[PDB]
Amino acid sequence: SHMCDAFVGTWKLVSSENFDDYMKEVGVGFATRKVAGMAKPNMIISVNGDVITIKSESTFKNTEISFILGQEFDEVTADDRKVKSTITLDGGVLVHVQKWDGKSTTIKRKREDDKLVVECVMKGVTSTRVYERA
């Protein structure tokens, strides 16, 4: 057993707060905000050795990242940004920093009760997205 065991599984979005404002702060345009905001993604987290994979599937877009903690990688976001990402574990929380165009956003994923809580921060704006087991 290991690092991210409590994250592994298949998860479905059950609540979202302030996501439109988070996307505005990120720079996402009107039509993508509207369509992306409707999506109820399933997130599938798995671990194989040192490699963590996070897949997201939705009506809007499917995304997939595989990574080693602390090791920067290239990512294509659901809103089609091309970012440089680094994900670490800090006190049991996955901390994901995305850098692009001189900008930065941080996404934290943590286990809380039977939920997986995702907090997305861009400058002063946070969005909270809560997932339950599928």
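Throughout, we count residues from 1 along the sequence that is shown.
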Which is higher on average in the deposited entry, the C-alpha temperature factors of 64 to 72 or of 90 to 98? 90 to 98
Per the PDB entry, mean CA B-factor is higher for 76 to 84 or 25 to 33, namely for 76 to 84
Within this chain, which third does the Cα B-factor at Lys40 fall in: lowest, middle or highest? middle
Third of chain Cα B-factors occupied by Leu13: middle
Using the B-factor values recorded in the entry, state whether the Cα atom of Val117 falls in the lowest, middle or highest third among the modelled residues of its chain. middle
Could you tell me which third, lowest, middle or highest, the C-alpha B-factor of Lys108 occupies within its chain? lowest
